[PDB]
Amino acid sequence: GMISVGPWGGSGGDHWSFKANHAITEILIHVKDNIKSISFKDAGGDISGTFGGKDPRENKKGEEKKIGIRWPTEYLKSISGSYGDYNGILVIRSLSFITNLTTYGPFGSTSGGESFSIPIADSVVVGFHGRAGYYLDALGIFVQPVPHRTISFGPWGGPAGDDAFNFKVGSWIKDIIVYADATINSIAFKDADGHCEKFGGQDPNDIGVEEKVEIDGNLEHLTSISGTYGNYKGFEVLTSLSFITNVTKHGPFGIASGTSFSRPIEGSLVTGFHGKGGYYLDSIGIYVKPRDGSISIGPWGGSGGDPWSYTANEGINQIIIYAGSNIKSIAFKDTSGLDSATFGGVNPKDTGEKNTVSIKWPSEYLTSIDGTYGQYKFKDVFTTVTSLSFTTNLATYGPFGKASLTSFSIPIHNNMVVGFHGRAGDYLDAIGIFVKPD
């Protein structure tokens, strides 16, 4: 799917939204003291309508400018501009067009209003939305990641923090653990699977107070964040935060001081975080995916273990499986480097042997899994997956482990596997798949 950003400007005129089928290669504007109208052309040569330009007065036509994007080598990544009063109406006064190579603009008046910019990385502008009548009341963008990347916002805060962090998750962000009083002392995260995370919080003299947010991820999801950054005991840091969902706002935690950051985004899901800490939380950014469903099959195996799941962002490239007389652990690698956790293998005295499956994406993609489950006894008796195999549109890989009496398979066709789920602890208790058509 795509993430919406903005729109910036007024609430007059009529709403419009133009998603280009191919890359945006041309923007035409008419502009004088403000932007009278805008239209787009795409790589295959389709034009959008002309949005705005409806003032009947000849003076008020403005001048035509054409911005050409030199596809396929140049691609639009972002915009900047300004909005303000024009003869009484809150309107887009100027625009810039931000490419991977350069900036076209600014076009229109940069005086008499308020500017905007976007703290975004790794995006491609795939469309626009906004408002118009006589003029361009409002404008915002639609974005997708550049190939094999994930759109980034931020980071906000200071340039300090000796312990940097990045990660992304294949499922959702489920628990957030924050310490704070005067500022944000530290931040940690618990992936739906129970895999945890941590940051900041290294001042023995300023520890703050713990708060816990559980995101109830079937109905609720983390869509964005807001907060504040400012000078704290000399350091430029993040001083408050709030975790924003479709259901509610969790927080704010901390103390709002310095400068507020918000992000006008819609259609987003926060899959990850990046930034730096130390004594406190110097900086933080987010990774977002489009709130783009899978069918779910299984899981097969025992009742033990913590639930886990993994959905590839792009397409699953690799599977790492540890086996002995049962399956010990399993992990996934996708084409865009979004590794999954290792599910299982928590006991260092029983981790078995490594096996690997390679899948030649895109011409090869996973079709299903097969296997057995049964009882395995180590220090205690468990019912877990004991053997596993995988099928692609081209081949079968595996088997791995030791077959037991109870077997499972799926006579499925015209699909692709887009992720896995199950339960795991010391071992892979249970496993199933997520599939989509085609």
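Numbers for residues come from their place in the sequence shown, where the first is 1.
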Count class of coordinate-free deposited residues lying between the neighbours residue 114 and residue 115 = none
Taking the deposited Cα B-factors and averaging over 101 to 109 and over 133 to 141, the higher mean is found in 101 to 109
Of 42 to 50 and 55 to 63, the stretch whose C-alpha atoms average the higher B-factor in the entry = 55 to 63
What's the residue among 127, 194, 267, 81 with the greatest CA temperature factor in the PDB record?
-> 194
Among modelled residues of the same chain, the CA temperature factor third for residue 25 = middle
Assert third(CA B-factor, residue 167) within chain per record equals middle
Relative to the other modelled residues in the chain, which third contains the C-alpha temperature factor of residue 353: lowest, middle or highest?
-> highest
On the chain's distribution of Cα B-factors, residue 178 falls within the third called middle
CA B-factor ranking of residue 277, expressed as a third of its chain = middle
